[PDB]
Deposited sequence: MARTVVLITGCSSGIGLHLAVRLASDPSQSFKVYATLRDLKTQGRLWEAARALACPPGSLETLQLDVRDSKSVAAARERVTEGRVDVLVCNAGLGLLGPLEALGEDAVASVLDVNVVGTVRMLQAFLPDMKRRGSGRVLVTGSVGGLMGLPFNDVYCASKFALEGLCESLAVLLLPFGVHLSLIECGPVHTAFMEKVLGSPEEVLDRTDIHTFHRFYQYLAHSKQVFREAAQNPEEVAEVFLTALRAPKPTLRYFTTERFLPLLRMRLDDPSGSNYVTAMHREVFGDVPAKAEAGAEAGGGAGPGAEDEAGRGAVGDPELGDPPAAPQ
């Protein structure tokens, strides 16, 4: 029997490369259901699958809207095997800019996808795992879920939310034999405008926004990992006989994380992060 894996958000980046990595593994032990919001974006996926010689029946695509629990329920029912051994919740959205420049619609959508979308997935798939006494849930995390990042207030909110969600569930799921883990990524190199931002906020906040964006570019140049490397961490977690709640894909944000975790008042972190970003 193959290990049946369902992965959300497979049109690009981590989900794309994880799907083809598992499907093309020399062992032939994985059957991957790769989900996508829009079927028209599936070409990159199929090209990658072809180039990696994924064997027949190792990779299937499904349409999946994580905002719609009927779409989630229909994806569950397409799993012909009647189980999911590994669930990877990876579909997510970013939102970058001054808080007072963000549309309420955009805030609500980022929450609905990143947080409520993950809830919907766990609601649909955890019951069969709990009754079976087995199953693995892997959640794409971020360094932005571990520490606050300026101009990513709502993004960090959504990723911090997953930390809380997963940790709460993990406490309960321990004796069920169902294992949940976050994969904490730093910057990843994958494949609204500045004018509206400036129109919705003060000229000085915009300058702070520019400075943040310049620091972030430099962080990416020093530290960006690719999706192939991140995929290997998902593999490590899914193979571990006794997985931990968090895996770190990189060691590079650990000095900052220590500053945060060694001063619960948050004073050391806020000053240090302010210095890191704005000099």
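Colleague: Tell me, which runs of residues in the deposited sequence have no coordinates at all?
Modeller: Seq positions lacking coordinates: 1, 193 to 198, 287 to 328.
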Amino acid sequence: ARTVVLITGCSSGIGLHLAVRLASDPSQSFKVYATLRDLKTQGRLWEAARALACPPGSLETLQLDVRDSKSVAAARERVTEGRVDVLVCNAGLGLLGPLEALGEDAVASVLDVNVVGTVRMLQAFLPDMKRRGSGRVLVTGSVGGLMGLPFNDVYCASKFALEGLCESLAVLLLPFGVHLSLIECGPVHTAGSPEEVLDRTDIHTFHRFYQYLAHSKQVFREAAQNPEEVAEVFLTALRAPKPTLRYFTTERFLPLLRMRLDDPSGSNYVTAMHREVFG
From here on, numbers count along this sequence of modelled residues.
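Just so we're on the same page, rigid core means the largest C-alpha set that superposes within 1.5 Å between forms.
Colleague: Between 73 to 81 and 195 to 203, which one strays more from this form in 6 other deposited structures of this protein if you match the rigid core and compare Cα atoms?
Modeller: Comparing 195 to 203 with 73 to 81, the one that moves more in 6 other deposited structures of this protein is 195 to 203.
Colleague: Compare the mean C-alpha B-factor of 260 to 268 with that of 13 to 21 as given in the PDB entry, and name the stretch with the higher value.
Modeller: According to the PDB entry, the answer is 260 to 268.
Colleague: Per the record, averaged over C-alpha atoms, which has the higher B-factor: 224 to 232 or 61 to 69?
Modeller: That would be 61 to 69.
Colleague: Say you rank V119, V79, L87, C166 by Cα B-factor from the PDB entry; which sits at the top?
Modeller: Reading the PDB entry, the winner on C-alpha B-factor is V79.
Colleague: Consider only the C-alpha atoms of the modelled residues in this chain, order them by B-factor as the entry records it, and name the third containing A74: lowest, middle or highest.
Modeller: Highest third.
Colleague: Using the B-factor values recorded in the entry, state whether the Cα atom of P98 falls in the lowest, middle or highest third among the modelled residues of its chain.
Modeller: Ranked within chain, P98 CA B lands in the highest tercile.
Colleague: Which third, lowest, middle or highest, does the C-alpha temperature factor of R37 belong to within its own chain?
Modeller: Middle third - that is where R37 ends up once the chain's C-alpha B-factors are sorted.
Colleague: Please say which third, lowest, middle or highest, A49 falls into when its CA temperature factor is compared across its chain.
Modeller: Lowest third - that is where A49 ends up once the chain's C-alpha B-factors are sorted.
Colleague: Taking only the Cα B-factors deposited for this chain, tell me whether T244 sits in the lowest, middle or highest third.
Modeller: Middle third, going by the recorded CA B-factors of the chain.
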